[PDB]
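Chain and residue survey
Each chain is listed here by its residues.
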Amino acid sequence: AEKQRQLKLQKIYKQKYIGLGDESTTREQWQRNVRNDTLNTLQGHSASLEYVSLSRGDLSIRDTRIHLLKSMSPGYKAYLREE
Amino acid sequence: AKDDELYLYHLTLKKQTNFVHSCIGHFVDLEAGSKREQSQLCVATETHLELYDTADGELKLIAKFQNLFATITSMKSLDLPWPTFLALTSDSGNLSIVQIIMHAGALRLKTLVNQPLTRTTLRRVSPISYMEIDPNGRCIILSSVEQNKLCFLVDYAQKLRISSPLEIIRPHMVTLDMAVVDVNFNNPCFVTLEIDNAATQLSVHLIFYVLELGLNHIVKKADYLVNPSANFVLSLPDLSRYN
Amino acid sequence: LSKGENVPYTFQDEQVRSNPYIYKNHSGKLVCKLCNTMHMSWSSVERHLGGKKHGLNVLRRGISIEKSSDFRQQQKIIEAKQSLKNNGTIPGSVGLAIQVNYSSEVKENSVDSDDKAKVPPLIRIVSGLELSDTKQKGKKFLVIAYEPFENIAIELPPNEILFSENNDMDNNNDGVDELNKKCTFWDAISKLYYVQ
Amino acid sequence: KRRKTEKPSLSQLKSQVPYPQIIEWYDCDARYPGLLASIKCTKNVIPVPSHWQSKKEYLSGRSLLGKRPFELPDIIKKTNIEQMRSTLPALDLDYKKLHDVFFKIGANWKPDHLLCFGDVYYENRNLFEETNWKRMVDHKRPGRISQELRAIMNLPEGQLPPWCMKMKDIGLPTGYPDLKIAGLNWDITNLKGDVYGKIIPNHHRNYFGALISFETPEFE
Amino acid sequence: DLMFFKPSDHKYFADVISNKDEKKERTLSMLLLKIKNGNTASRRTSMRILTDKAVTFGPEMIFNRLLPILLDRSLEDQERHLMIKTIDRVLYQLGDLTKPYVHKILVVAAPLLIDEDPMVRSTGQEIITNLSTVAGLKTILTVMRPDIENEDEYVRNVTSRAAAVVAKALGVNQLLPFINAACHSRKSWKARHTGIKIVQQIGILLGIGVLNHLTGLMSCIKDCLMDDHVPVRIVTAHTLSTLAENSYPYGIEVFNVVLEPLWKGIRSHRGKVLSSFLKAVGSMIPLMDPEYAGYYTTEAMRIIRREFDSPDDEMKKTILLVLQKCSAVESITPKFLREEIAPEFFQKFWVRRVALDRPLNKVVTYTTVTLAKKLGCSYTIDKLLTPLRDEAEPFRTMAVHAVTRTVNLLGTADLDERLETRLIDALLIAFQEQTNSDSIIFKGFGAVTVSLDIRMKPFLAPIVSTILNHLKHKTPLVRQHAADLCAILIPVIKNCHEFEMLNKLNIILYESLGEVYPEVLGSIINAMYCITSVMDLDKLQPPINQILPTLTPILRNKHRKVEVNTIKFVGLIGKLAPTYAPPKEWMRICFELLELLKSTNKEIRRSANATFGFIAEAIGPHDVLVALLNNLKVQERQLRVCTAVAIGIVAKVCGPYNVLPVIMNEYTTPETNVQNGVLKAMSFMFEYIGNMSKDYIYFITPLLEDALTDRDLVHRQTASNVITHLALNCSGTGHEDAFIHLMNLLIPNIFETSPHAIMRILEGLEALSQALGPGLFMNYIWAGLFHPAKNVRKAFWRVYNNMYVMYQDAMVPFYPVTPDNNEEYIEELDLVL
Amino acid sequence: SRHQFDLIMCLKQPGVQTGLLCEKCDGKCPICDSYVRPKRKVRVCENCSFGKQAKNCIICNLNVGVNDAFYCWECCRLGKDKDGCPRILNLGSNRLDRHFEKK
Ligand SMILES: [Zn+2]
Ligand SMILES: [Zn+2]
Ligand SMILES: [Zn+2]
Ligand SMILES: [Zn+2]
């Protein structure tokens, strides 16, 4: 009953907050959540976004932001490779 | 024994100067008994907030408002059919619609309604960082970089009233560059660029949404796949003369 | 159910206990230090004691001790018989001899149901280190016992007397012990017990 | 089956690891062993308490039977309620007294043991003995012998320990080069009581946060 | 024990009256009997065994033996629900069932939705919503098709609701084409009918959620409404009512299709058909566009006025609903209503025979109140003065209700002096003349008196004359009724500065305080509470210090309300009057409450705990703590817990510097239950102090040292509960080094099972996340994050789930991720400028 | 709920509306059921309000509440304040066996 509720709240929290490791989670599934949240905060704070912009040396800052956005999806590596 | 316990007193001597958000509304009427002019701007950097006027062709400090102690992740003014007060979204998920008022001998920033959304942190599920308001001010829309999008239907009365949120949830679609199209009162329509989070290939596809005031929900309209190279969207107002 | 006994807490730094095992820990619960089992009520404690589990741990603890290195129905009129001590001598040293006499078919006429009736009186050497009063001690006693009559003792200050060396030719009917077979006689026909 | 038999040897896993001694035999069945070795062997991570894989529900401890019920922190024991109410097998006290015990007397007070960054409490552990240990490494120093151990040693006052003679032939302790003892490197007339010698150090602030004043909040 | 044998249902079980399939076969039915007919202690065990082994037993025998049991007529609401609970737990356990047994279970638990009580309606919904996920869409759809064609009105009604619950559970998008099947089916008439009702209960259950799905349903309304069948046409009209009310004004754009045929149905079919149609259109009225509202309202109001004379009940109920909704229309003017609608309303619908039936009286009153908004309040109440003085008592009751709901919204400020006089006159008449026993008159009368107050004084005197007049009476009903009216009228008298009059009230009530009837005595003490609260203590007549010692015996009166108002009032004297009552008398209070809180009431028990704060402020805190700690030794859990609450509140008002040292000794006491009461009392005393515990934290940690280390999962549990509040309110103070310790003792407890232990420990660790910050708390979680053990993993991913819920950005810097750790890593973290 | 396990919550994005609780449940933080230092008024999604069900106590789901429910300061910091819409959809085994127990 109680654990059974914890299963439903597992489904709800997983739905809202996306990745939540339940019991068995592949390193590909979880590391993707890591990358997504790290990039999420790098672009999310105007602070760290301004920082990565200069240290990277891009011509504009939104290039870095939308870069991180694109970098969230896995295929973006091969996308850069095809440029 | 003397406790080391260094006690530090933090002060911000000069306040954060990188201006991440702006709004065009006319907030306070100052030094003039009766005047209404749309020329004024309020600009926000995260915590710090400032309000400038021009009216002379030369910009002017109005007042530097008190420190909000949060990260403002988007700010947009709203104009409803009145004093134009700005809708402000930040961390805590709260949608905080604030009106700049003149209280005592200074300009203070009063809040009207703050609606709890997500949790308190900078998050991807957090319906912030992408915000826009109907150019006629009928509805405000917040979205998340990834998970979900919420759109409130704003109504004014003797007291301001924020309608219940309108939810759309696309699990794997990472949202970027919210841009809302103006309308003639027909129906609010907003446009986004959704990049799929989980996919074998990189696919960036634009998607249109028409919020239906009649059925009270957001409707996916046209999903157009464009090259992964996509950057941003802007709204062309009418093309009423052309076809 | 506690029978009014006081079980001190484990932390009270040990009056003799009935069983020096069941204790109460820092909390109110009762525990068996050997078994390391917690028990809610004294009834559960008694179930533990009457259980095979606790017993096994008791045998294991006794094995640890060795590693570290009819009684009920016994009639008792407690009647002092008559002894006849006498300094003896043979060759080549000096030994003691006792002549204990018993009833003359006076009261033994009511009990004849072959209940150890065939068992003769028995002698044992006891150290005074243990007495009902525990006051003074340091010498041995040559106790002699018979079912109905009362026990009898004889003090032996001399460390050793008449303690012989292979008297007979090593025949093995232990009876009770080497002492009894070696040097006792039971004239059962006349009811006279001689010991030397 | 095949995945269970596909596992690399733990020693094959050691080479991938900068701190190989943390990895253990059960890490072979780690579903992602190359990753789990990196996480577990990452700098500041604190390995899982090892009471798992035991079915004893983490406390069967025999030592748990012999743990003391409780002891008041001496500062609170000063408050004397110990005598006012007998906890072992009305009581009104002064507000200023109690308030000052926590604040005036006990502001700088802190528990003596606590624990450290990676300290984890295993079942068989008992902190108290390690508290007396740390306190003892503090009080007791070489050259001094308490009167109890002195009486057990049967050493009368004014007489040097028996290892001072063998220390005369063998030499000063290699661990204590600065140690001084009466009669040898140190003045015998300074022999007093329990101290027959002392280490003489050859070595001979404000920390930016020095408060320079201490004022506690007053109740009144 | 098999308590309460059932001869017929047991001989129906047969089986064992005195082979693995025979052993499971027997023990299973034996357990089922334990649940149905048995002992509470027995059935509670058979539930746990039946759920634990529910996966082991074959659902074939489970449902085969279990289901037909509920088919008998000898079942009782108790026992039938005892089997229902097993149905829910087993269905949610196995999670997969074949379609024939799905049909059986759905037929068995299907009638539950129709039962009169929402208690049974709820669980009847639970079985179906749990079964929906088990069987799935296709199975249930194959189940309803042969049933909707049944000729039985009862069963059709049943699986209408059942099908609705399914549609809500699995969504109405998946089940919607089925709705189109029975909806648009040309074959069967009853299939059309029930196919329409399913839309009703779907609309009711979804509520506002019907909006996004409202397109497909209105298809069925527009196409199936045109059927020549009168019942079909009626049910469609009801669906428009439900879907409009639940719709809310949004859906007009969709309802515009069915808007047209309703009117041509109205002007033609009339009768009950026009009743349902005007119900539908009436529900459409609020959602209509202002211009369209203007037109269609004016179109309907004529039919309404013409239909005022309808002898039928249903049509009158509908008319009142249509007026109710049309009142909100801005188009029709309050002048229009007062000139035409209102006068033809009050005369027709207020006839005495109207007041006879409650379910109609509801709609009458609510309709009248909705009229009061547009109509002038003085005009409405003006028409409402004559019904107040009628000699029919229930008609006087309805007359009161209208005044209550009307005056609450609008207020009486619109009324002139004269009709304001006649109002209070009527209220006093009906109040003193009331025959029936009902609680409304003093409530609503009090609402009027709160509405108009300064104006009451010349009436305020005679009202109190009636008050005392009823305070002496031979009927306890009128007694407690008048007393309840007193307590309500007390605050108003303050506005007239009658205070001596409050004094004589305090006198008479205090003298009648010795009444035998508890039900009245409680209300009397409530009036005492209002009096003492309102008026200054010094000028109180009895006075207070004479009042309370007469209250001390009252606490033993048992019942409930007596201790409710008694503890309330003793608390009132507790905060207001510290000096008057002597401290020894306060100690008698402490003993009496300490004995009193064994009561089963959470209000009595909570307020009882709250009064110890006032008693601790007035009298010696140590003096209170002696009795409290002495009461901790009692075995009863309510005593232990709520004495711990008392210790907490006393520690809040007095401050922990007094209470905590003695608490720690009470923990030094070896007794378990006492130690538990100590730890919980420590939890509560910490949650009541936000900023205080920061200075007290260090003295706590040596106590939690023996707590968290203790072998008892209870002590570890409640100690963790201490760490929750203590860590939350002390977080960020700089005690993290102590928090580090406290956590270091917690981590080993993560693997501890049981629901209470696991949730207390989770909440504790989450509180530690705030005081330590994720980084270290992370470090533990990381070094245990994956692990082979399949158990350790499941345990720590719970803590990491909660951590990911509260913190995400907070954990971002703390992910132990390096380019050799993961393939892609992130190229932008190594950038340095 | 914190105590009764089988009670199910809503957890949707809260709307502008404020949840009501009855005088019987007055004072409880709807998550932890704590009586201390309440902070922010509960907000429920529109799907939990609509008609008569809006008047129900968001805690006990049965009685009609006058008072507004507030989150405590411990839940407001734990963030459960913003988790979602608190409501109790199922009446729960306790209340059920209570009603069937009496009648
Ligand atoms: Zn044992
Ligand atoms: Zn909700
Ligand atoms: Zn309630
Ligand atoms: Zn709370």
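Its PDB record attributes the structure to cryo-EM, giving the resolution as 7.2 Å.

**Digging into the state of the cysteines**
By definition, a disulfide is the covalent link that joins the sulfur atoms of two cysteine residues. Residue and element names in this part refer to chain E. Evaluation of the coordinates by the stated rule reveals 1 disulfide over all chains. Between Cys-183 and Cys-220 runs a disulfide, and the two sulfur atoms are separated by 2.0 Å. With the S-S dihedral at roughly -115°, the linkage between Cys-183 and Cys-220 falls on the left-handed side. Taken together, the residues span a long stretch of sequence, with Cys-183 in helix α10 (residues 172–184) and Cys-220 in helix α12 (residues 214–225) at a distance of 37 residues.

**As for the coordination of the zinc ion (ligand 4)**
Residues and elements named next belong to chain F. Taken together, the protein donors to the zinc ion (ligand 4) comprise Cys-29 (SG), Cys-32 (SG), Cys-72 (SG) and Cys-75 (SG), at separations of 2.1 to 2.3 Å. For the zinc ion (ligand 4), the 4 donor atoms in the first shell make angles of 109 to 110° at the metal, so the coordination geometry reads as tetrahedral. The sequence pattern describing where the donors of the zinc ion (ligand 4) fall on their chain is C-x2-C-x39-C-x2-C. Placement of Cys-29 in the loop between β1 (20–21) and β2 (38–41) and of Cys-72 in strand β4 (residues 70–72) is noted, with a sequence separation of 43 residues between them.

**A look at the nonpolar core**
By size, the foremost hydrophobic cluster in this structure holds 341 residues, and its most contacted members are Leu240(E), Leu768(E), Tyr800(E) and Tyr815(E). In terms of residues, this core owes the most to one element, helix α41 (residues 792–806) of chain E, which gives 10 residues. Residues in contact with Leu240(E), not counting those within four places in the same chain, are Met218(E), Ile221(E), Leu225(E), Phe255(E), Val258(E), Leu262(E), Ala280(E), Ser283(E) and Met284(E). Residues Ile66(A), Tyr79(A), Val180(B) and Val181(B) belong to the second largest nonpolar core, which totals 35 residues.

**A closer look at helix α29 (residues 561–576) of chain E**
Residue and element names in this part refer to chain E. With 16 residues, α29 ought to run about 22 Å at 1.5 Å a step, and its terminal C-alpha atoms sit 22 Å apart, in line with that. The buried fraction of α29 amounts to 12 of the 16 residues, a majority that puts the element mostly inside the structure. Taken together, the buried positions of α29 are occupied by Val-562, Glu-563, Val-564, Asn-565, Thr-566, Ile-567, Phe-569, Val-570, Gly-571, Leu-572, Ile-573 and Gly-574. Contact partners of the buried residues in α29: α27 (518–534), α28 (544–551), α30 (583–596) and α31 (602–618).

**Let's talk about the coordination of the zinc ion (ligand 2)**
Residue and element names in this part refer to chain F. The coordination sphere of the zinc ion (ligand 2), as far as protein atoms go, consists of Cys-10 (SG), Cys-45 (SG), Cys-48 (SG) and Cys-85 (SG), spread over 2.1 to 2.3 Å. Bound by 4 donor atoms, the zinc ion (ligand 2) shows angles of 109 to 110° at the metal and therefore tetrahedral coordination geometry. Expressed as a motif, the donor residue spacing for the zinc ion (ligand 2) is C-x34-C-x2-C-x36-C. Here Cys-45 is found in the loop between β2 and β3 (67–68), whereas its partner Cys-85 is found in the loop between α1 (73–78) and α2 (93–102), with 40 residues between them in sequence. By relative accessible area, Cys-45 is classed as buried at 6%.

**Comments concerning a negative patch on the surface**
All names here are of chain E. On the surface, a cluster of negative charge is contributed by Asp-15, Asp-21, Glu-22 and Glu-25. Within the secondary structure, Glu-22 is located in helix α2 (residues 20–36). The partly exposed category is assigned to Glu-22, whose relative accessible area is 40%.

What counts and how
Residues numbered from 1 in each chain as written, not as in the entry; some residues may be left out. Chains lettered and ligands numbered in written order. Part of a larger assembly, values for the part shown. Heavy atoms only, no water. Residues with missing side-chain atoms left out of burial classes, pairs and counts. Disulfide = S-S within 2.5 Å. Helix = DSSP H or I, 4+ residues; strand = E, 2+ residues; numbered from the N terminus. Donors = N, O, S within 2.8 Å, 3.2 Å for Na, K, Ca; no water. Tetrahedral: all angles 85-135°; square planar, octahedral: opposite > 155°, others 65-115°. Core = buried A, V, L, I, M, F, W, Y, C linked by side-chain atoms within 4.5 Å. Buried < 20%, exposed > 50% of the residue type's maximum accessible area, 1.4 Å probe, protein only. Contact = heavy atoms within 4.5 Å. Expected span 1.5 Å × (residues − 1). Patch = residues over 30% accessible without salt bridge, like charges linked within 9 Å, V, L, I, M, F, W, Y side chains within 5 Å. Areas by Shrake-Rupley, 256 points an atom, 1.4 Å probe, with all protein chains shown as cover. Salt bridge = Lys/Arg side-chain N within 4 Å of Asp/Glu carboxyl O. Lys, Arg positive; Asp, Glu negative; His and termini not counted. Charge placed at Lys NZ, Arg CZ, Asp CG, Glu CD.

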